[PDB]
Amino acid sequence: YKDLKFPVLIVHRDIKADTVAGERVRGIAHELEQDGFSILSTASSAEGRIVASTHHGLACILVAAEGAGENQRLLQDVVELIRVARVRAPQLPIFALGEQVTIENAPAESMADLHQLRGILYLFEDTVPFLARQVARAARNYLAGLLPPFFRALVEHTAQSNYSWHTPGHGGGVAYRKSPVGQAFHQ
Amino acid sequence: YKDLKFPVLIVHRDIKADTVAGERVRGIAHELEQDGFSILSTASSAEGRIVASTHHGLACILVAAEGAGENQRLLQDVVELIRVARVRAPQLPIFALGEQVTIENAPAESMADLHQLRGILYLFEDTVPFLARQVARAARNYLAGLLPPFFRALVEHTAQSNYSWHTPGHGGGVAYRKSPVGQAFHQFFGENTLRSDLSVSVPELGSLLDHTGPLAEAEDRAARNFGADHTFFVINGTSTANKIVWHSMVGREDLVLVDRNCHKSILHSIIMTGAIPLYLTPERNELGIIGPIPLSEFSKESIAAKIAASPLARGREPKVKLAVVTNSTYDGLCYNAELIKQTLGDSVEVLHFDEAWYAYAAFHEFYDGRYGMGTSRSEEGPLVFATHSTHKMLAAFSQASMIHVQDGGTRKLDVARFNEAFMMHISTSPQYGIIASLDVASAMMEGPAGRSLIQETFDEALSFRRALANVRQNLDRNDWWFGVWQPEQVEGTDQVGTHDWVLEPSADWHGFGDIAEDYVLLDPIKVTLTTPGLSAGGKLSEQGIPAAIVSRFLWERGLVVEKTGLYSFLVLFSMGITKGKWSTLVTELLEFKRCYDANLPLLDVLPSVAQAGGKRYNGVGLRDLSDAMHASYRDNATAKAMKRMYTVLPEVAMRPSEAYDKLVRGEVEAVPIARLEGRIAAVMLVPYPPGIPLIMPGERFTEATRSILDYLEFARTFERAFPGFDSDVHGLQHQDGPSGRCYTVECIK
Amino acid sequence: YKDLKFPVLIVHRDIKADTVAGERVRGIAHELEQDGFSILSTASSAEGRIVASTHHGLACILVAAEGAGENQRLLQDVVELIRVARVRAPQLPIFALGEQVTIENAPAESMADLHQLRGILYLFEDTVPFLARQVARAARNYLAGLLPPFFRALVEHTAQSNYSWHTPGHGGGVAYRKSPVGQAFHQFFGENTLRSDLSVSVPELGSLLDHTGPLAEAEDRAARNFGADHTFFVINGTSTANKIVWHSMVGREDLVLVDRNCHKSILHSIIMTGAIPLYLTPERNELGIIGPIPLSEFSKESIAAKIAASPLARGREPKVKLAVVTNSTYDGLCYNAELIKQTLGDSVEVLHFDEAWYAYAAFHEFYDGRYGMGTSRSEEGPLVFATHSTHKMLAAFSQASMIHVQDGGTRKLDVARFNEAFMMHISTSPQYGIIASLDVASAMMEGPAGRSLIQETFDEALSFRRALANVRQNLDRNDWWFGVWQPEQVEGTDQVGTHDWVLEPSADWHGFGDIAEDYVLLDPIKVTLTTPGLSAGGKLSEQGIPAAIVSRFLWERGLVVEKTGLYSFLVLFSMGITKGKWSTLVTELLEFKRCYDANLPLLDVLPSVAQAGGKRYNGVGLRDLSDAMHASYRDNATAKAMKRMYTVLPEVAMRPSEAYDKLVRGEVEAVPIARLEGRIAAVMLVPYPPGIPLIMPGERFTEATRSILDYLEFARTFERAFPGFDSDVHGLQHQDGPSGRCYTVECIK
Ligand SMILES: *Cc1c(COP(=O)(O)O)cnc(C)c1O
Ligand SMILES: *Cc1c(COP(=O)(O)O)cnc(C)c1O
């Protein structure tokens, strides 16, 4: 929200992350930053399978998939990253990436590859600001869905409160700007 | 232009791109930037052969060539890049680069190397700012050449307009800065939409109804793209684009052959005509899919039997006019237009293909002979009209509808006598986006530009139909998955052939018995998902999942799936899908039978009906909500009645012309559903989603043989026993008040 | 929102704004910028009382108040700023500022000081980031409250849409990234236009034809704005918005009272009805201005005489239905709608005001009782329909047309029987801009928001009519200037009164003899310029300037001026003019009689006809091109024939229903202009610009008494003796070929 600096892990290959020759993954990092998102870039698979495995509150995950290379274990690396992702907060939307035919030839790994991914981001063909707007839609959709009911209502009560006059008490931390002791308590 | 941020791909070697030691390629990137161009640099060949291959609008392409290295495959890499470039927009100027002797020794590759390159840029020897000025000349030359005529004139009308005073209306988006509501509207809609919706305009842009200016060069260029002798844009919608060709055709006592898979626009256009129609109800399967028509009802004896079958008015054997048949029905049954021609052309002198979802049909090698514009015009005089609806499928703006005409034989009549009935259904506010959009949707398909575009949407659909039955290789113990309607040989993205996609005659992977010879080629984009619960053995098995809840699941998850048929979960792929949206539909169907075997309470996953309707289904799982509603079509015999209520010919007691003037007269009164058996209905009632116009205005019920009440009373107890649901029958006047959501229809006293 | 860059005006004293020594006002500008707000700082009071007074969309206003200084007029300056703020959008939250005791001592100014301020911002004591958070709360609260219902739902539908798969069509502007032509279309039209034209959509936004969702809260909020019991948006145009209320009304043998200043849409809607009409041709002056109707043709004896005057079919005295009369005709003759009511309500049970240019009529104190929605509904049952055309004047998008209904007396009938004929003229592609725009053009006029908007367009028009006759105080030796059609007492921006703008009965500043009592209040926005050359003494004087060339001058200079009448150069001001476009029209008319006394060759200033038609008028001045064409209406007696050809009742031999089915039959054949005297015309021929439908389909010429040929042969020799010009008669089938541009019309053999 105005708070909730929850990052989005971006995994892509080291030739095609923090590098050159076709860069819309950095563009959909930058547009998410203009939405107000953090970015945990990662240059390889196993360096992402650590940061996703530790106890982060991760909004989305962006994986690089290429499908046919199972003895290459690239699709197999994707399904390892998805499995290690969905263990402590399974509703976080894992997205794939890819510039060409991506999971159009998945041989038999589809119970956790095509089943858990909440969309593919064909980063060249698709719609770059509306692409990152779709990512930010699913991100904040899950970020609103993960809050419990009472805390969701209480965090949407301290943005759109009773407008000018909630009468008894400090009224939203307003009587704690009336004295130096109170303002020390306030800050 | 001032817009059009179209990039220019630059491919050069990694030692000599984004690097050092002789750099004029970066100089001719920088001077193009000072012209106002984007730059897609690329350090190698195969990284450029991807970005050029994806569906960019690319202005130019700059390749690095060195000629003699064919076993080095550098010239061979150049000709690969050129070939993969010119597939979707072949007029984009590909330029080469090079510092020394470049293609001065090309051995034998010159049919696509020296033939397609629109110049070489010897970057050292040549003339660096005039070099990039030449590149920018060819770039903006092609960028002006790729726009269609009407859109080119309309984009050069909102830069050099009528200068200070274009008088009626908002005048270029000027009255939308006079209020906060207007200025919010202004900053929402952009500026170039307001500044291009002229309220009345003749001069340089050409009024629609007079067929002048560049608009008559947008029409009759659409004739050379789609295939016609004269086309006409129609803007008030396809529900008026049918009405124009109905109304410029016969509007009097004569008889008209209509099908009974028409939309609610075609009977409305009968009422504006004033004609008594003849109906050809098609046969369906045992699932709910509206099936195809028999061509034996098209020879010159069956409609002659239909002439005597008209109860009210019996014409004296006319040449039965204005044959309407919904080519490519809702779930993808593209007919053979040529086999409607060769079966029908003697008795019908005006043909009318409502190619509504069949908008892309003229731009593939798969629908050949199968759309009403490709018929190879013969000497009989058929006059086939093809009233497209290009706001679905072939993407124009809303309400945009072309009308395609081709002549032949004995009746041409379309010089001016069509324009004097084209005027009385279109407004007098031309020169705007929906006419401009409808010339981009006919210029996105210029030659091989769109043939290699709907070949892409097969690649998203025949790699959805693959990878949806390619979850049946997983845990599928006996039979438990959505039966896709291609369960035989065609599983996979193998080939798009015009003889393995045709429904086989009297086969058993469709269910429509006695299919005629090579008639009904299924559309590989309208993937017709059948949810489990209705067997192909004849009647229901008790493992059903209802039509709504499988949609209402991914409704809240955020997909919209069309519905017609009883369990037929029809997903419609289109040209307006992002590349990679089969996998969201895969995931949010593999999530459906991961929260149905669990059978959670419906308030936990469906806030559409349950968690906002929190009284009736508190703590009620989907599985019994299925299996009670799965039996509710059976203990009412309503799935039997779906066979019954379509196959009956309703007793035509009033023409729809004369069953509509008894609505302004006062003869329409509230007749409830009980005593309907013997009073003529005067309102169009359509069961929508699951099919056709059941009862037209003028379809009198004879007795309980008119067995449609088994669904009208089914829809009542659907909405009564369970909240917001299939109370979906369009035209059902629901009175609100004393009784428990009891319904009433209109009739004639 | 993500859009809506709406500013917030900040007024503070010049010692304490953009300055030093206690600065939290700049801090609450900066925190609002970090919210994403614009800032219009202002250093003093009267510099803020200008920017707040101009037509901004202002979110908040921050004023500097100090209370006790009323002879200092600081609190008085605050209440002046508040009063000038709340005139065009009164709900904008005005906040005060102040560092000490601020309005704790307000003596007696509290009805507009403490009453209108929505809070005080004590900028030192209060809570700086939560302070600007409170300001941003009230700002975005009002910014959400000012949007109308349908547009609010449609702007919160293109942020949180159907997530991955909205299936038919371009799906949110996604198929417009699949080709270079499509991507050029994409970057031209913006993104929020493509992403908001849904091809088919029910769910949260509400389909038009079912009248559900927020669309039925856009309708029946437009009823509380315009004044009605139920309104209906209509999107296929006003040429269908007339057709809906014609077609939901009588469509059979019954008689219908129509005027003869109808557009080419109203006779077209007769043809869809099928009814025999009765005509009331109004009388005109000797200039060409189509004059007003007599109300004596509305009492219950004159139309009873018209019933027997119907030659073909004579009804047996019906309650003559569906009275259409073009309220506010083309040059601004707003009728008295209440005096059509009080003269007509007995004999006519459905009234139909085609308030096309009379779109703004419900939002002033000047047209009171004068628009068909303000009639003070009586117990007679009149059913007045007001089919607006709000793509001119009151600025909606193109083809947007409301239809206003109010009930009364004996016939209500509009619950569902209107919706079952509203469907058959509108398409089934809802939820988009033209429905969304048509709810902004009814929410730009919420209360006093638009009453103080068309009061502004009088201030541009009654300060054009002032400063155009205020060049007649310059060198005007005898009489040489465009005679504006207000040459008497009303010269100047004095007052907009409902009794000094009415045409006086039997006066001589209009020419329409025997004007009835308080009937025809002229519209002060449609300034009716009469060029010199036709005298008010009866016939032409030889100092004429032709209708076209005075427009064709400022056509190339870049103004568009409407044309109807023989010399009547009608300029139409609108709400879509920039503030300060009377002075361009002043300059490019004072330039006209600075390059007409010079009388230059027409190729030097008019490349429309001459310098691109460089054969006929090489070295030919305007003045003789005037004075030959100025006599060409006289030696043909065509300006006499304009009186003749309108006042005749053409011999009604065919109904326009039955004179149109003889076009698809084949009875339309090419009958040239010579032998027309005695053959029934079957095509609508309208002399446009200069008037009305002359001959409907079915208007048989009797003999040379039908003297219309003096203009048909005038138009021929106009285009023959001089290139592109008044060959303007709409419907004239010009064959191209052997003869010298000879014309042909259609008839019935
Ligand atoms: C969807 C559809 C339409 C849409 O028509 P509009 O008038 O463009 O809304 C028309 N005809 C058919 C057969 C359709 O299926
Ligand atoms: C200009 C005008 C119109 C415009 O109608 P559309 O159908 O909105 O183009 C309609 N009626 C009249 C009387 C007009 O003058």
# chains A, B, ... in the order shown; residues from 1 in each chain; ligands from 1
call {"tool": "residues_near_ligand", "arguments": {"ligand": "ligand 1", "cutoff": "7 Å", "atoms": "only C-alpha atoms and all ligand atoms", "output": "list in words"}}
result
residues 237, 238, 239, 240, 262, 263, 265, 326, 330, 354, 356, 357, 389, 391, 399, 400 and 401 of chain B; 427, 428 and 429 of chain C
call {"tool": "write_last_selection", "arguments": {"atoms": "C-alpha atoms", "output": "mmCIF file, in the first residue's frame"}}
result
data_model
loop_
_atom_site.group_PDB
_atom_site.id
_atom_site.type_symbol
_atom_site.label_atom_id
_atom_site.label_comp_id
_atom_site.auth_asym_id
_atom_site.auth_seq_id
_atom_site.Cartn_x
_atom_site.Cartn_y
_atom_site.Cartn_z
ATOM 1 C CA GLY B 237 -23.408 -1.914 -35.451
ATOM 2 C CA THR B 238 -23.862 -5.342 -36.896
ATOM 3 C CA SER B 239 -27.437 -5.220 -35.574
ATOM 4 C CA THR B 240 -27.778 -2.480 -38.160
ATOM 5 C CA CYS B 262 -29.923 -16.149 -36.084
ATOM 6 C CA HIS B 263 -29.019 -13.555 -33.485
ATOM 7 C CA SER B 265 -30.728 -8.768 -34.660
ATOM 8 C CA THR B 326 -24.851 -17.697 -39.364
ATOM 9 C CA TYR B 330 -20.970 -19.578 -31.809
ATOM 10 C CA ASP B 354 -23.783 -13.189 -41.125
ATOM 11 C CA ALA B 356 -20.041 -12.368 -37.310
ATOM 12 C CA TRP B 357 -17.315 -14.385 -35.638
ATOM 13 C CA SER B 389 -18.933 -7.996 -37.135
ATOM 14 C CA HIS B 391 -15.537 -5.724 -33.094
ATOM 15 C CA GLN B 399 -19.949 -1.324 -33.485
ATOM 16 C CA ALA B 400 -17.658 -1.374 -36.543
ATOM 17 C CA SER B 401 -19.085 -3.633 -39.224
ATOM 18 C CA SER C 427 -26.424 -2.636 -31.408
ATOM 19 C CA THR C 428 -25.443 -5.186 -28.782
ATOM 20 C CA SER C 429 -21.966 -3.744 -28.112
#
call {"tool": "residues_around", "arguments": {"residues": "residue 128 of chain A", "least_positions_apart": "4", "cutoff": "8 Å", "atoms": "only C-alpha atoms", "output": "JSON list (two decimals) with N, CA, C and O atoms, in the first residue's frame"}}
result
[["chain", "number", "residue", "atom", "x", "y", "z"],
["A", 24, "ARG", "N", 13.42, -5.95, -21.67],
["A", 24, "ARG", "CA", 12.14, -5.54, -21.15],
["A", 24, "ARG", "C", 11.92, -6.04, -19.74],
["A", 24, "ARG", "O", 11.01, -5.56, -19.06],
["A", 27, "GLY", "N", 12.81, -3.22, -17.96],
["A", 27, "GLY", "CA", 11.72, -2.28, -18.13],
["A", 27, "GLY", "C", 10.54, -2.59, -17.23],
["A", 27, "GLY", "O", 9.93, -1.67, -16.66],
["A", 28, "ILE", "N", 10.21, -3.87, -17.05],
["A", 28, "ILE", "CA", 9.15, -4.23, -16.12],
["A", 28, "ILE", "C", 9.66, -4.34, -14.69],
["A", 28, "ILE", "O", 8.88, -4.67, -13.79],
["A", 123, "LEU", "N", 7.96, -11.37, -22.81],
["A", 123, "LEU", "CA", 8.35, -9.99, -22.56],
["A", 123, "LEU", "C", 8.55, -9.17, -23.83],
["A", 123, "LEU", "O", 8.46, -7.94, -23.77],
["A", 132, "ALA", "N", 3.58, -4.74, -17.00],
["A", 132, "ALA", "CA", 3.91, -4.52, -15.61],
["A", 132, "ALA", "C", 2.69, -4.09, -14.81],
["A", 132, "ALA", "O", 2.63, -4.30, -13.60]]
call {"tool": "interface_residues", "arguments": {"of": "chain B", "to": "chain C", "cutoff": "6 Å", "atoms": "only C-alpha atoms", "output": "PyMOL selection string"}}
result
chain B and resi 4+55+57+147+162-171+174-175+178-181+184+189-190+192-193+199+236-237+239+268+391-393+395+398+424+427+444+558-560+572+575-576
call {"tool": "closest_atom_pairs", "arguments": {"of": "chain B", "to": "chain A", "cutoff": "9 Å", "atoms": "only C-alpha atoms", "output": "JSON lines"}}
result
{"residue": "B:40", "atom": "CA", "partner": "A:22", "partner_atom": "CA", "distance": 7.6}
{"residue": "B:41", "atom": "CA", "partner": "A:21", "partner_atom": "CA", "distance": 6.6}
{"residue": "B:42", "atom": "CA", "partner": "A:21", "partner_atom": "CA", "distance": 4.8}
{"residue": "B:43", "atom": "CA", "partner": "A:21", "partner_atom": "CA", "distance": 6.0}
{"residue": "B:44", "atom": "CA", "partner": "A:21", "partner_atom": "CA", "distance": 8.0}
{"residue": "B:47", "atom": "CA", "partner": "A:21", "partner_atom": "CA", "distance": 6.7}
{"residue": "B:48", "atom": "CA", "partner": "A:21", "partner_atom": "CA", "distance": 8.2}
{"residue": "B:50", "atom": "CA", "partner": "A:100", "partner_atom": "CA", "distance": 7.2}
{"residue": "B:51", "atom": "CA", "partner": "A:124", "partner_atom": "CA", "distance": 6.9}
{"residue": "B:54", "atom": "CA", "partner": "A:125", "partner_atom": "CA", "distance": 5.7}
{"residue": "B:55", "atom": "CA", "partner": "A:125", "partner_atom": "CA", "distance": 5.9}
{"residue": "B:56", "atom": "CA", "partner": "A:125", "partner_atom": "CA", "distance": 7.2}
{"residue": "B:460", "atom": "CA", "partner": "A:104", "partner_atom": "CA", "distance": 8.9}
{"residue": "B:463", "atom": "CA", "partner": "A:104", "partner_atom": "CA", "distance": 6.3}
{"residue": "B:464", "atom": "CA", "partner": "A:104", "partner_atom": "CA", "distance": 8.5}
{"residue": "B:466", "atom": "CA", "partner": "A:104", "partner_atom": "CA", "distance": 8.8}
{"residue": "B:467", "atom": "CA", "partner": "A:104", "partner_atom": "CA", "distance": 7.7}
{"residue": "B:470", "atom": "CA", "partner": "A:108", "partner_atom": "CA", "distance": 8.0}
{"residue": "B:471", "atom": "CA", "partner": "A:110", "partner_atom": "CA", "distance": 6.9}
{"residue": "B:473", "atom": "CA", "partner": "A:108", "partner_atom": "CA", "distance": 7.6}
{"residue": "B:474", "atom": "CA", "partner": "A:111", "partner_atom": "CA", "distance": 7.5}
{"residue": "B:578", "atom": "CA", "partner": "A:126", "partner_atom": "CA", "distance": 6.0}
{"residue": "B:579", "atom": "CA", "partner": "A:122", "partner_atom": "CA", "distance": 6.3}
{"residue": "B:580", "atom": "CA", "partner": "A:120", "partner_atom": "CA", "distance": 5.2}
{"residue": "B:581", "atom": "CA", "partner": "A:119", "partner_atom": "CA", "distance": 6.6}
{"residue": "B:582", "atom": "CA", "partner": "A:119", "partner_atom": "CA", "distance": 8.5}
{"residue": "B:583", "atom": "CA", "partner": "A:119", "partner_atom": "CA", "distance": 5.9}
{"residue": "B:584", "atom": "CA", "partner": "A:119", "partner_atom": "CA", "distance": 4.9}
{"residue": "B:585", "atom": "CA", "partner": "A:119", "partner_atom": "CA", "distance": 8.7}
{"residue": "B:586", "atom": "CA", "partner": "A:114", "partner_atom": "CA", "distance": 7.0}
{"residue": "B:587", "atom": "CA", "partner": "A:115", "partner_atom": "CA", "distance": 4.8}
{"residue": "B:588", "atom": "CA", "partner": "A:115", "partner_atom": "CA", "distance": 8.1}
{"residue": "B:589", "atom": "CA", "partner": "A:115", "partner_atom": "CA", "distance": 8.8}
{"residue": "B:590", "atom": "CA", "partner": "A:115", "partner_atom": "CA", "distance": 6.2}
{"residue": "B:591", "atom": "CA", "partner": "A:115", "partner_atom": "CA", "distance": 7.4}
call {"tool": "residues_around", "arguments": {"residues": "residue 745 of chain B", "least_positions_apart": "4", "cutoff": "9 Å", "atoms": "only C-alpha atoms", "output": "mmCIF file with C-alpha atoms, in the first residue's frame"}}
result
data_model
loop_
_atom_site.group_PDB
_atom_site.id
_atom_site.type_symbol
_atom_site.label_atom_id
_atom_site.label_comp_id
_atom_site.auth_asym_id
_atom_site.auth_seq_id
_atom_site.Cartn_x
_atom_site.Cartn_y
_atom_site.Cartn_z
ATOM 1 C CA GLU B 669 -50.601 -7.779 -21.849
ATOM 2 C CA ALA B 670 -49.099 -9.757 -18.994
ATOM 3 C CA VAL B 671 -49.914 -13.426 -19.634
ATOM 4 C CA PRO B 672 -48.152 -15.622 -17.037
ATOM 5 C CA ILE B 673 -46.432 -18.884 -17.808
ATOM 6 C CA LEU B 676 -49.553 -19.867 -22.366
ATOM 7 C CA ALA B 681 -46.427 -14.622 -28.183
ATOM 8 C CA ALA B 682 -45.518 -11.126 -29.377
ATOM 9 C CA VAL B 683 -42.068 -10.757 -27.791
ATOM 10 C CA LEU B 685 -37.760 -14.784 -26.068
ATOM 11 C CA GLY B 731 -37.041 -11.410 -22.709
ATOM 12 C CA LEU B 732 -38.496 -12.930 -19.537
ATOM 13 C CA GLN B 733 -40.396 -10.057 -17.907
ATOM 14 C CA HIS B 734 -39.679 -10.606 -14.226
#
call {"tool": "select_by_dssp", "arguments": {"residues": "segment 111-186 of chain B", "states": "strand (DSSP E)", "output": "NGL selection string"}}
result
:B and (117-122)
call {"tool": "select_by_dssp", "arguments": {"residues": "segment 138-301 of chain B", "states": "alpha helix (DSSP H)", "output": "PyMOL selection string"}}
result
chain B and resi 138-145+149-155+180-189+222-226+238-247+266-273
call {"tool": "residues_around", "arguments": {"residues": "residue 643 of chain B", "least_positions_apart": "5", "cutoff": "10 Å", "atoms": "only C-alpha atoms", "output": "VMD selection string"}}
result
chain B and resid 283 to 288 638 648
call {"tool": "residues_around", "arguments": {"residues": "residue 99 of chain C", "least_positions_apart": "4", "cutoff": "12 Å", "atoms": "only C-alpha atoms", "output": "list in words"}}
result
residues 12, 16, 21, 22, 23, 24, 25, 64, 65, 66, 67, 103, 120, 121, 122, 123, 124, 125 and 126 of chain C
call {"tool": "write_last_selection", "arguments": {"atoms": "N, CA, C and O atoms", "output": "short mmCIF file (atom, residue, chain, number, x, y, z; two decimals), in the first residue's frame"}}
result
data_model
loop_
_atom_site.label_atom_id
_atom_site.label_comp_id
_atom_site.auth_asym_id
_atom_site.auth_seq_id
_atom_site.Cartn_x
_atom_site.Cartn_y
_atom_site.Cartn_z
N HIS C 12 -1.88 32.59 -0.69
CA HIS C 12 -1.38 33.06 0.59
C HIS C 12 -0.70 34.39 0.34
O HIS C 12 -0.43 34.76 -0.80
N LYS C 16 4.25 35.68 2.94
CA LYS C 16 4.23 34.33 3.49
C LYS C 16 3.85 33.26 2.46
O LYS C 16 3.46 32.16 2.86
N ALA C 21 10.32 32.44 6.64
CA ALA C 21 9.89 32.73 8.01
C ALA C 21 8.56 32.05 8.35
O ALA C 21 7.54 32.69 8.60
N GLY C 22 8.60 30.72 8.36
CA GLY C 22 7.45 29.92 8.70
C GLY C 22 6.81 29.41 7.44
O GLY C 22 6.00 30.11 6.82
N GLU C 23 7.16 28.19 7.04
CA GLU C 23 6.77 27.66 5.74
C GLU C 23 6.33 26.21 5.89
O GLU C 23 7.12 25.28 5.71
N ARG C 24 5.06 26.03 6.22
CA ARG C 24 4.41 24.74 6.13
C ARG C 24 3.43 24.70 4.98
O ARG C 24 3.00 23.60 4.60
N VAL C 25 3.08 25.85 4.42
CA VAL C 25 2.25 25.89 3.22
C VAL C 25 3.02 25.33 2.03
O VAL C 25 2.47 24.58 1.22
N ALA C 64 -5.80 32.26 2.55
CA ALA C 64 -5.18 32.80 3.75
C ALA C 64 -6.16 33.74 4.43
O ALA C 64 -6.51 34.79 3.88
N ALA C 65 -6.57 33.40 5.65
CA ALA C 65 -7.56 34.17 6.38
C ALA C 65 -6.98 34.70 7.69
O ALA C 65 -6.12 34.06 8.30
N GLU C 66 -7.43 35.91 8.09
CA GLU C 66 -7.01 36.52 9.35
C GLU C 66 -8.14 37.23 10.09
O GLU C 66 -7.88 37.90 11.09
N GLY C 67 -9.38 37.16 9.60
CA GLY C 67 -10.55 37.40 10.43
C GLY C 67 -11.00 38.81 10.73
O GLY C 67 -12.00 39.27 10.17
N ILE C 103 -10.52 32.59 12.40
CA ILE C 103 -11.91 32.99 12.19
C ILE C 103 -12.59 32.89 13.54
O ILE C 103 -13.80 32.63 13.65
N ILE C 120 -10.41 24.22 8.45
CA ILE C 120 -9.33 25.18 8.53
C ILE C 120 -8.05 24.39 8.67
O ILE C 120 -8.04 23.29 9.23
N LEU C 121 -6.98 24.92 8.13
CA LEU C 121 -5.68 24.29 8.23
C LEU C 121 -4.81 25.25 9.02
O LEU C 121 -4.17 26.13 8.45
N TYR C 122 -4.82 25.11 10.34
CA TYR C 122 -3.87 25.86 11.15
C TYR C 122 -2.50 25.26 10.91
O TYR C 122 -2.17 24.22 11.49
N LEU C 123 -1.70 25.89 10.05
CA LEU C 123 -0.56 25.21 9.47
C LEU C 123 0.60 25.02 10.44
O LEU C 123 1.42 24.12 10.22
N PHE C 124 0.69 25.81 11.50
CA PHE C 124 1.76 25.60 12.48
C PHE C 124 1.39 24.53 13.49
O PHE C 124 2.16 23.59 13.74
N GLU C 125 0.20 24.65 14.09
CA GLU C 125 -0.18 23.79 15.20
C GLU C 125 -0.46 22.37 14.74
O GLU C 125 -0.16 21.40 15.45
N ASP C 126 -1.03 22.22 13.55
CA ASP C 126 -1.54 20.93 13.12
C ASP C 126 -0.41 20.05 12.59
O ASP C 126 0.79 20.30 12.79
#
call {"tool": "closest_residue", "arguments": {"among": "C:529, C:403, C:696, C:344", "to": "ligand 2", "atoms": "only C-alpha atoms and all ligand atoms"}}
result
C:403
call {"tool": "residues_around", "arguments": {"residues": "residue 52 of chain A", "least_positions_apart": "6", "cutoff": "8 Å", "atoms": "only C-alpha atoms", "output": "number ranges by chain"}}
result
A: 9, 58, 81, 84-85
call {"tool": "write_last_selection", "arguments": {"atoms": "N, CA and C atoms", "output": "mmCIF file, in the first residue's frame"}}
result
data_model
loop_
_atom_site.group_PDB
_atom_site.id
_atom_site.type_symbol
_atom_site.label_atom_id
_atom_site.label_comp_id
_atom_site.auth_asym_id
_atom_site.auth_seq_id
_atom_site.Cartn_x
_atom_site.Cartn_y
_atom_site.Cartn_z
ATOM 1 N N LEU A 9 10.874 -10.834 -6.578
ATOM 2 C CA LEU A 9 12.096 -11.470 -7.025
ATOM 3 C C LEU A 9 12.054 -11.643 -8.528
ATOM 4 N N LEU A 58 7.353 -12.326 -0.088
ATOM 5 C CA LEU A 58 7.597 -12.060 -1.495
ATOM 6 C C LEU A 58 6.268 -11.888 -2.211
ATOM 7 N N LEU A 81 12.386 -24.044 -8.646
ATOM 8 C CA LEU A 81 12.201 -22.729 -8.045
ATOM 9 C C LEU A 81 10.758 -22.536 -7.605
ATOM 10 N N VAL A 84 10.240 -24.685 -4.374
ATOM 11 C CA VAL A 84 10.830 -24.081 -3.187
ATOM 12 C C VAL A 84 10.161 -22.748 -2.868
ATOM 13 N N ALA A 85 9.472 -22.138 -3.834
ATOM 14 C CA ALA A 85 8.734 -20.917 -3.546
ATOM 15 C C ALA A 85 7.499 -21.201 -2.712
#
call {"tool": "closest_residue", "arguments": {"among": "C:689, C:546, C:613, C:277", "to": "ligand 2", "atoms": "only C-alpha atoms and all ligand atoms"}}
result
C:689
call {"tool": "residues_around", "arguments": {"residues": "residue 644 of chain C", "least_positions_apart": "3", "cutoff": "12 Å", "atoms": "only C-alpha atoms", "output": "MDAnalysis selection string"}}
result
chainID C and resid 283:284 286 288 637:641 647:650 694 704:711
